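Working notes for the structure below.
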Amino acid sequence: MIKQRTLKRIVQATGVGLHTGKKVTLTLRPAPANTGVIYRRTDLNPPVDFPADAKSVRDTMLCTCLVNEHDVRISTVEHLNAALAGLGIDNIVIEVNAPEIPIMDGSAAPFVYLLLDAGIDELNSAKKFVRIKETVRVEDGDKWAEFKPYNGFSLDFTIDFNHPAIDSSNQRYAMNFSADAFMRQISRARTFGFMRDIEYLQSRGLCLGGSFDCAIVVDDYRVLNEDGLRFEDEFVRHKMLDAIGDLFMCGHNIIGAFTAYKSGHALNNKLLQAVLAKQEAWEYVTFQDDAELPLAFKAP
Ligand SMILES: CCCCCCCCCCC[C@@H](O)CC(=O)O[C@@H]1[C@@H](N)[C@@H](OP(=O)(O)OP(=O)(O)OC[C@H]2O[C@@H](n3ccc(=O)[nH]c3=O)[C@H](O)[C@@H]2O)O[C@H](CO)[C@H]1O
Ligand SMILES: [Zn+2]
């Protein structure tokens, strides 16, 4: 039996929230079998819990923001979610004392190190996967995102930026997903901002925790970061990282093929919700026989 995974020990990471610019303490706790992925706001009395549910994504303006019925929020969940998806963590209590996950370096890599430092633990319960059984597409003008049946997990993402710095790079990236391929190729890709946008958001009280230490900052012509890019096509690698993170909002790994053109938080959630609402387009699968598991889900 392919077992569910949790953490061996409680870990912590303190940083700043990208938008509030206020100190956030992220506490990752082991959870038993069948609890699922839980986001907790500890700064509240009583604390507020958010089960990983596609429908909780209510604001996709700046990031993937989870909002409950009383306007309690958890934002910037995508980078941490990518790490969780990449390592196949099923049961975990994600605790924050601020309305957002700390930005760290702007990628999923700090969260991967954090999961590794804690150690992955297997539980005596079968790991549930969402298997795509029909093609499901979503559109938003020229942009679209799709899921097709596939025995493993792949991502093919296309960006189209009419920017001197981004177009210079490769704008289409495709990979067969695995814990290894994610860590090596995707996890370290950082988020990116245009100085025009940052200045606008900052005067309105948003992006207060933004710096070069947490993002690729671009002007109207070039990358402003001293040390440059970590990858030639870091832009497209990050867009794929966000998609991995966003799709993980159902809190289970997906067995299927993802394709996108100009997708983002909004569209990634749209497809996720569209697939999940179409009863016949997916099913929960377990692997009582380890031999049946597709190669994509091999151990890290
Ligand atoms: C002295 C100290 C000062 C220095 C401090 C600097 C601080 C650094 C902080 C940076 C913070 C950034 O993080 C904030 C921030 O806004 O970052 C966002 C991020 N949220 C994400 O937004 P989202 O994933 O939802 O993508 P949208 O598709 O909704 O993009 C929206 C528009 O882009 C078009 N589009 C989309 C896809 C594509 O393939 N092509 C293309 O053209 C599309 O037509 C639409 O009009 O990606 C965006 C890019 O795409 C980033 O700008
Ligand atoms: Zn991102």
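Remember, it's 1-based here, ligands and their atoms both numbered in the order they're listed. Quick note: numbers below take in every heavy atom, side chains included, and nothing from hydrogens, waters or symmetry partners. Index from 1, following the sequence.
More than 12 heavy atoms of other residues, nucleotides or ligands shown are found within 6.0 angstrom of CZ on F212. The 12-atom threshold is not exceeded at CG of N124, counting heavy atoms of other residues, nucleotides or ligands nearer than 6.0 Å. Counting heavy atoms of neighbouring residues, nucleotides and ligands inside a 6.0 Å radius, atom CD of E283 exceeds 12 of them.
Between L201, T191, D142, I166, it is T191 that holds the heavy atom closest to atom 13 (O) of ligand 1.
From the protein, the heavy atom lying nearest to atom 6 (C) of ligand 1 is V217 CG2, 3.5 Å. Of all protein heavy atoms, the one closest to atom 14 (C) of ligand 1 is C207 SG, 4.2 Å. The shortest contact between atom 18 (C) of ligand 1 and any protein heavy atom is with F192 O, 4.1 Å. When only non-hydrogen protein atoms are considered, atom 43 (C) of ligand 1 lies nearest to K143 CE, 3.8 Å. Regarding atom 37 (C) of ligand 1, its nearest protein heavy-atom neighbour is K262 O, 3.7 Å. Closest to atom 33 (O) of ligand 1, if we only count protein heavy atoms, is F161 CE2, 4.5 Å. Among protein heavy atoms, the minimum distance from atom 42 (O) of ligand 1 is reached at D160 O, 3.3 Å. Among protein heavy atoms, the minimum distance from atom 29 (O) of ligand 1 is reached at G264 CA, 4.8 Å.
The cationic group of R196 does not satisfy the cation-pi geometry with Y200, failing either the under 6.0 Å distance to the six-membered ring centre or the 45° limit from the ring axis.
Distances below 4.0 Å separate heavy atoms of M195 from the following atoms of ligand 1: 3 (C), 4 (C). Of all the atoms in ligand 1, the ones that sit under 4.0 Å from a non-hydrogen atom of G210 are 5 (C), 7 (C). Listed by number with element, the atoms of ligand 1 under 4.0 Å from a non-hydrogen atom of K239 are 23 (P), 24 (O), 26 (O), 47 (O), 50 (O).
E146 has a carboxylate O that lies under 4.0 Å from a charged side-chain N of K148, or vice versa, which qualifies the two as a salt bridge.
Counting protein heavy atoms under 4.0 angstrom from atom 24 (O) of ligand 1 gives one or more. Proximity of atom 1 (C) of ligand 1 to the protein is not indicated, since no non-hydrogen protein atom lies closer than 4.0 angstrom. Counting protein heavy atoms under 4.0 angstrom from atom 46 (O) of ligand 1 gives zero. For atom 50 (O) of ligand 1, the protein comes within 4.0 Å by at least one heavy atom.
Put simply, the residue from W282, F153, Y284 that forms a ring-ring contact (aromatic ring centres under 6.0 Å, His included) with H252 is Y284.
A donor-acceptor pair under 3.5 Å is formed between the side chain of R9 and the backbone N or O of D117.
In plain terms, the two heavy atoms of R222 and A165 that are nearest each other are CA-CB, 4.0 Å. Closest of all the heavy-atom pairs between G17 and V24 is N-CG2, 3.6 Å.
Residues that satisfy the salt bridge (charged side-chain N to carboxylate O under 4.0 Å, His left out) test with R137, not counting sequence neighbours, are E139.
Ring centers of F194 and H163: under 6.0 Å apart, within the cut-off. The ring of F161 has its center closer than 6.0 angstrom to the ring center of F192. Residues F297 and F129 place their aromatic rings such that the two centres sit under 6.0 Å apart.
Here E78 does not reach the Zn ion (ligand 2): none of its N/O/S atoms is less than 2.8 Å from the metal. Within the 2.8 Å limit, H79 places at least one N, O or S atom next to the Zn ion (ligand 2).
In this structure, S211 counts as a contact residue of ligand 1, since one of its heavy atoms falls inside 4.0 Å of the ligand. Residue contact annotation: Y261 has no non-hydrogen atom under 4.0 Å from ligand 1.
Where the criterion is an N or O separation shorter than 3.5 Å, residue side chain and backbone included, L62 meets it with respect to ligand 1. In terms of polar-atom proximity, defined here as any N/O pair under 3.5 Å, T158 makes no such contact with ligand 1.
Nearest N, O or S atom of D242 to the Zn ion (ligand 2): atom OD1.
Judged purely by distance below 3.5 Å, without hydrogens or angles, the side chains of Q171 and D167 never pair a donor atom with an acceptor atom.
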